[PDB]
Ligand SMILES: Nc1nc2c(ncn2[C@@H]2O[C@H](COP(=O)(O)OP(=O)(O)OP(=O)(O)O)[C@@H](O)[C@H]2O)c(=O)[nH]1
Ligand SMILES: Nc1ncnc2c1ncn2[C@@H]1O[C@H](COP(=O)(O)OP(=O)(O)CP(=O)(O)O)[C@@H](O)[C@H]1O
Ligand SMILES: Nc1nc2c(ncn2[C@@H]2O[C@H](COP(=O)(O)OP(=O)(O)O)[C@@H](O)[C@H]2O)c(=O)[nH]1
Ligand SMILES: [Mg+2]
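Chains as they are written, first to last, in this note's numbering: chain V, 1 to 421; chain U, 1 to 70; chain H, 1 to 430; chain X, 1 to 317.
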């Protein structure tokens with residue numbers, strides 16, 4: 001078997017992580033008690049995310065981490081709270097106060113070893129571990145600081161495995177603390193070096209989707225998390241169901257990442273919204289549209305290095321192939337010519353939910369617009385050394401901020417270099 | 001002519017055996033040099049990660065110094 | 001007494017192997033349990049116990065695909081030791097298949113192969129089936145070929161290589177794996193039959209009216225062509241000519257060992273019409289680009305060899321008349337250093353089709369094996385795709401990360417450049 | 001949208017064609033080795049025809065027909081005339097030629113024909129091209145003292161001479177064969193004339209257009225350009241391109257082809273047109289560049305990629 005160890009850290013990481021498990025548990029016919037009550041053959045690759053326990057129960061191979069019990073107490077009480085392994089809940093009492101330094105260096109360093117003990121236990125019970133997937137935000141303190149700390153420690157212990165993350169980028173439109181650009185820049189510096197593939201889930205894009213198009217005056221985190229779970233379900237489809245394209249984390253990485261640092265994907269989904277709601281050519285045009293991207297970037301402002309499209313539900317494969325060829329050729333300028341056949345397509349018979357949907361995973365050079373936005377916000381504060389005392393007070397030095405800013409600016413210039421190639 | 005008949009068959013043996021010999025040595029050299037390269041890539045990766053831990057210990061210590069001189 | 005061991009590597013090699021052995025069983029009246037009520041020439045491919053067991057080995061670095069063989073209709077056909085699986089696949093990476101994961105399973109494979117060789121009174125050689133694009137198909141195969149040249153020095157090694165096609169491609173790095181495997185295997189392969197998935201795909205869409213062909217559709221058509229090529233080894237007759245005799249004519253230079261295969265007729269099982277199809281009709285189809293296993297233009301390529309392998313109701317008189325008509329009417333140009341003649345072989349055993357298949361049952365069929373410089377177009381397409389990516393070093397880090405060096409990339413590419421030049425030189429007049 | 005590549009900067013004809021495509025607003029020019037093109041204005045030698053039409057969804061067209069050099073190279077044209085079933089017995093318009101190899105090889109057949117002509121007192125002047133002589137011993141030695149394959153063609157000793165001046169000339173006709181194989185003869189031709197009087201002993205030795213040539217023919221011979229020369233030219237072009245049609249047709253190929261040819265003719269004193277050579281990459285006359293290049297854009301390019309009376313479509317009867 002090819003197992004994935006899932007880790008969720010912090011408020012955001014645990015909230016989106018809990019939704020991801022509710023969504024895929026439904027898709028795989030697993031109820032909150034861990035028992036199977038589905039049809040088809042769900043179950044063929046259930047071991048990728050689920051352990052088999054006594055009494056034919058399927059237990060999510062998930063590790064729940066946080067420096068505050070609050071969000072953890074919410075999970076364990078909500079739906080699918082009793083599905084998780086109680087031993088895998090690892091929490092502290094003194095939170096992180098939305099401070100990266102606290103999560104990465106002080107508060108988090110005190111809790112990290114006990115998390116690694118659970119990671120190790122879950123790994124030792126793997127026939128063949130493919131790697132890990134971490135759900136977290138980059139704007140807070142636990143998911144951002146302690147999450148990147150966990151990634152670093154796991155990589156040291158498992159350097160030959162794939163490290164995948166679903167990283168929620170911060171936005172002023174959906175913010176809680178002014179120091180989010182500091183936390184995000186510091187985390188991106190870590191992700192650039194220690195992850196093989198990152199799904200950039202932008203809160204700015206999720207907000208604009210809920211507000212413009214969806215027409216939600218005041219979107220809540222629940223409204224944003226609906227988009228995330230629909231995306232997370234989609235981008236993980238090839239890993240959970242029998243398929244040929246990107247069947248595992250390594251094959252996905254080999255197809256999606258041409259350059260080690262340029263591993264930040266721009267997800268897409270179609271059609272937009274469920275949360276109480278109601279053709280192949282229509283699915284294709286939407287999933288490629290800027291308005292359906294989960295990262296606030298205009299793909300027409302850059303070029304696609306690689307793309308992975310996934311269609312779900314019963315539909316004409318001939319029509320899918322025609323439509324995918326039509327989006328390319330009509331927009332051939334937005335796909336790098338030096339990477340032949342860089343758009344791959346997969347189709348899954350089992351739909352999410354909906355009768356038929358589409359999910360887009362793209363490695364576009366336009367992703368630099370996300371890193372530019374953060375870099376601009378980081379510089380506006382760092383220039384005036386605003387709130388630095390909260391980070392320097394934890395042991396950090398200003399030089400560390402200058403290095404993270406510089407590494408992210410280098411990342412942007414690298415994405416621009418390949419856009420001009 | 002018998003002399004040449006023996007030189008032909010011995011030449012064929014010497015060439016096939018020498019080909020089998022070279023291929024064996026080049027394959028073992030490739031698998032060995034590959035092992036060295038892959039292990040070096042992992043060693044440098046871990047060295048970078050270790051330098052990061054040494055820096056975290058130095059940050060925790062740098063806080064310990066500021067708290068006492070407060 | 002000349003046995004032939006088949007080795008099926010990776011998903012493509014295994015799935016194609018399943019189709020070939022299913023066909024061979026139908027052709028020889030062998031049931032899925034190995035029993036053969038009719039019961040020799042077929043002993044080149046099958047050992048006896050009254051169970052007839054394929055002289056084949058199935059290898060894959062991942063168990064799903066071979067596990068289907070282990071639990072499928074033909075589970076009883078093979079001996080468990082012939083089906084070898086690992087735990088972790090090569091992730092479409094030549095370096096993982098050849099080095100990282102290949103090293104871990106190679107010795108076990110060579111042992112299982114040795115067990116088959118030990119049951120041979122006069123082993124003729126091996127037939128290796130694999131894809132160019134997969135990590136196992138490309139990487140592990142070249143490692144296997146390297147080791148086989150050591151352990152079996154003289155023995156012949158033929159290939160059936162699945163050439164990558166975007167319509168069914170599963171990896172962006174298939175061009176890399178293709179050049180790397182071709183380079184490494186070149187000295188160790190005596191003859192290789194490339195099967196362009198795009199060509200088989202287009203034949204299925206045109207001749208069989210299949211909107212979106214699947215691997216099952218492709219593999220059943222591939223198995224027919226493979227069957228025609230190996231028919232001379234599994235049957236015998238006065239007009240049957242052995243494949244190694246064709247191979248002497250097919251390979252003028254060690255490096256130029258890639259014959260183009262063309263097959264006829266490919267008729268839909270429902271749109272059969274009941275037409276018989278003369279010897280003259282199918283022979284003419286061999287020169288229609290629409291029926292080739294590799295996409296290229298033989299009209300603009302010089303021939304170094306041409307072999308015709310007939311399978312059903314065929315008598316020499318008809319063959320000679322059909323060849324006479326084809327001459328002085330077709331763009332058949334030979335190199336000035338080769339006799340402009342056709343080597344013909346006839347097997348009176350008519351072609352077999354899988355019951356409930358897409359192919360119609362015919363009274364006669366022909367497979368042409370020709371060594372034409374036109375096949376170099378397939379190398380040009382692959383080498384160009386390699387050049388586009390390699391210029392930017394895209395994806396190279398995945399290979400370097402597994403211990404490979406940029407040097408192997410340029411060394412393999414330089415060898416491909418030399419191969420393209422060799423095909424150019426062999427076409428120039430003396 | 002439509003994109004095109006230019007892989008031959010030396011081609012004067014397709015440099016003007018490139019400018020015309022860029023003027024429309026419908027065409028964008030990509031870099032030399034960009035494989036995601038619609039039209040390819042390829043190179044003269046070693047054009048990558050195998051890589052064409054394989055990128056999925058793209059409609060690709062090339063300015064050359066793969067093959068065609070079998071009609072353009074001197075030795076291959078001689079081979080085609082003598083061996084094609086469509087030409088071997090019917091060809092009365094190609095001067096008696098023999099392919100001579102210096103280092104297959106019709107040397108013995110040339111000497112038999114040369115000896116037949118000197119015995120009967122017939123004209124025995126021959127021209128060797130990769131030397132004009134009536135000796136054959138010095139003609140053969142000329143070939144052997146060069147590392148190239150030459151062709152010994154019968155020299156036209158009685159050509160049609162232009163008056164005044166009493167001078168030799170040859171006709172160049174431009175033929176455009178589009179995809180689907182429609183042969184178009186460009187209305188305007190050129191006469192590459194000599195500016196020295198013709199001599200039948202001195203072996204040691206300027207663009208007239210069809211209006212001036214038509215005016216010379218009546219009054220000079222009281223006959224028009226057509227019915228005496230233009231019908232012969234059209235017949236030769238039709239026969240030549242259709243003999244190679246099955247070997248070069250792109251109907252069963254993933255890409256489409258088109259080509260501009262340069263047919264070279266020589267008229268004898270009995271007003272008989274003789275084909276001398278065919279050019280795969282011809283050069284146009286300065287004043288005919290604008291009209292010819294526009295015709296290539298409309299007939300061959302705009303027919304495949306859509307956004308008068310100057311090209312006669314050659315058909316049989
Ligand atoms: N005709 C045909 N092509 C196949 C088949 N399976 C895979 N392919 C082709 O083979 C290439 C991929 O190689 P695979 O055989 O899937 O890979 P593998 O050898 O298992 O290698 P890894 O999975 O990377 O360990 C692509 O070009 C596929 O289109 C099959 O059953 N038939
Ligand atoms: N048989 C012949 N009779 C008369 N003039 C001839 C001739 N062959 C060639 N010429 C002249 O010599 C010139 C040589 O031109 P070039 O060397 O480009 O080839 P060509 O058109 O003569 C080729 P071919 O070998 O088919 O005759 C011609 O343009 C023509 O004026
Ligand atoms: N999409 C989404 N964003 C969230 C959620 N919870 C918090 N955030 C974002 O996460 C950041 C705050 O960090 P958080 O994860 O709450 O705290 P931590 O425990 O310190 O990691 C901000 O950018 C918030 O917008 C959630 O459930 N969904
Ligand atoms: Mg496989």
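We treat Cβ as the ideally placed atom computed from N, Cα and C, and that holds for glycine.
Pairwise C-alpha distance: residue j and residue i
i                     : j                     : result
residue 121 (chain H) : residue 258 (chain H) : 29 Å
residue 92 (chain V)  : residue 208 (chain V) : 34 Å
residue 346 (chain X) : residue 219 (chain X) : Nothing can be reported for residue 346 (chain X): it is not among the residues displayed for chain X, which extend from 1 to 317.
residue 270 (chain X) : residue 160 (chain X) : 8 Å
residue 44 (chain H)  : residue 304 (chain V) : 52 Å
residue 206 (chain V) : residue 34 (chain X)  : 37 Å
residue 302 (chain X) : residue 331 (chain V) : 21 Å
residue 311 (chain V) : residue 405 (chain H) : 37 Å
residue 209 (chain X) : residue 171 (chain X) : 10 Å
residue 109 (chain V) : residue 212 (chain H) : 55 Å
residue 189 (chain H) : residue 37 (chain H)  : 37 Å
residue 412 (chain H) : residue 77 (chain V)  : 59 Å
residue 29 (chain H)  : residue 126 (chain V) : 45 Å
Per-residue burial, residue i [other beta carbons within 10 Å of its own, 16 or more giving buried]
i                     : result
residue 22 (chain U)  : exposed
residue 395 (chain H) : buried
residue 420 (chain V) : exposed
residue 9 (chain U)   : exposed
residue 218 (chain V) : exposed
residue 15 (chain V)  : buried
Closest residue to residue i among the options (Cα-Cα distance)
i                     : options                    : result
residue 399 (chain H) : H:325, H:99, H:310, H:348  : H:99
residue 240 (chain H) : H:264, H:297, H:311        : H:311
residue 344 (chain H) : H:273, H:75, H:321         : H:321
residue 76 (chain H)  : H:33, H:85, H:105, H:40    : H:33
residue 15 (chain H)  : H:296, H:129, H:105        : H:129
residue 317 (chain X) : X:77, X:239, X:267         : X:239
residue 187 (chain H) : H:145, H:290, H:302, H:40  : H:145
residue 309 (chain H) : H:101, H:219, H:370, H:426 : H:370
residue 336 (chain H) : H:301, H:328, H:365        : H:301
residue 266 (chain V) : V:315, V:288, V:144, V:22  : V:288
residue 82 (chain H)  : H:269, H:18, H:387         : H:18
residue 231 (chain V) : V:224, V:269, V:202, V:204 : V:269
residue 142 (chain V) : V:183, V:116, V:120, V:172 : V:183
Contact between the stretch 101-111 of chain X and the stretch 235-255 of chain X (3+ Cβ pairs under 8 Å)
no
Segment contact flag, the stretch 33-46 of chain V with the stretch 153-167 of chain V, C-beta cutoff 8 Å, min 3 pairs:
no
Continuous beta strand (DSSP E) assignments of at least 3 residues falling wholly in the stretch 43-97 of chain V:
For the stretch 43-97 of chain V, whole beta strand (DSSP E) runs of length 3 or above, ordered along the chain, are 50-53, 57-60, 62-66, 89-91.
Every unbroken beta strand (DSSP E) within the stretch 165-234 of chain H, with a cutoff of 3 residues, ordered by chain:
191-196
Any 3 or more C-beta pairs closer than 8 Å across the stretch 243-258 of chain H and the stretch 162-182 of chain H:
Contact annotation: the stretch 243-258 of chain H does not touch the stretch 162-182 of chain H, with fewer than three C-beta pairs closer than 8 Å.
Counting only runs that start and end within the stretch 100-164 of chain X, where is the alpha helix (DSSP H) found for 4 or more residues in a row?
Along the stretch 100-164 of chain X, the alpha helix (DSSP H) occurs as fully enclosed runs of 4 or more residues at 107-119, 137-144, listed in sequence order.
Any alpha helix (DSSP H) of 4 or more consecutive residues that is wholly inside the stretch 262-312 of chain V
If we require 4 residues or more, the alpha helix (DSSP H) runs fully inside the stretch 262-312 of chain V come out as 280-287.
Run through the stretch 189-222 of chain X for me and flag every whole beta strand (DSSP E) of 3 or more residues, listed as ranges in chain order.
With a minimum length of 3 residues, the continuous beta strand (DSSP E) runs that stay inside the stretch 189-222 of chain X are 190-193, 207-209.
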